[PDB]
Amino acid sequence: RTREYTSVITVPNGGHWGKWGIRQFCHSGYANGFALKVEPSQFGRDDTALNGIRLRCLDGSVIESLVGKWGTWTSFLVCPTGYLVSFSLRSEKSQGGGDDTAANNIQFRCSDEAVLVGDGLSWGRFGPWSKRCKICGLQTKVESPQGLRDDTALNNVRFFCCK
């Protein structure tokens, strides 16, 4: 890895199908905001999944990891004061085969205790909060990124922590 980190923060819900992308980090400091690549809040088009998470680092740099090709990017949701420290994922439960457990939405906790809920899909439930640390990078697991709107979905995400 280029930037050094002390640990990885993960959550227990969230899919297992897809390929992990490249690990991206803020050049300096931590991230204090995020945006999402989601499909416009319209009706008819069957529900699918998030196609990406993108963080803003207090040093104006923006990072994402592996992104899907569908949906549009929302404006950023920024920390009132600190930086991001913990995240929770919204996902439906599954079964043996149909592992419908892609990530539907995400909410973060900032260092000042503010909670920022992404404006995503609202199907499923928020699972437990990951542990807390100073978020400086991320890595995304996306199923068929270049695929059809059909099975392209961000399945999981993990963030890296810095000193």
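Numbering starts at 1 and follows the sequence shown.
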{"property": "Residue stretch of maximal mean CA temperature factor, 7-15 vs 141-149", "result": "141-149"}
{"property": "Mean Cα B-factor comparison, 92-100 or 129-137, giving the higher one as deposited", "result": "92-100"}
{"property": "Options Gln42, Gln107, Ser111, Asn32 - largest CA temperature factor per the record", "result": "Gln42"}
{"property": "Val115 - which third its CA temperature factor falls in, relative to the rest of the chain", "result": "lowest"}
{"property": "Third assignment of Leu36 from its chain's C-alpha B-factors", "result": "lowest"}
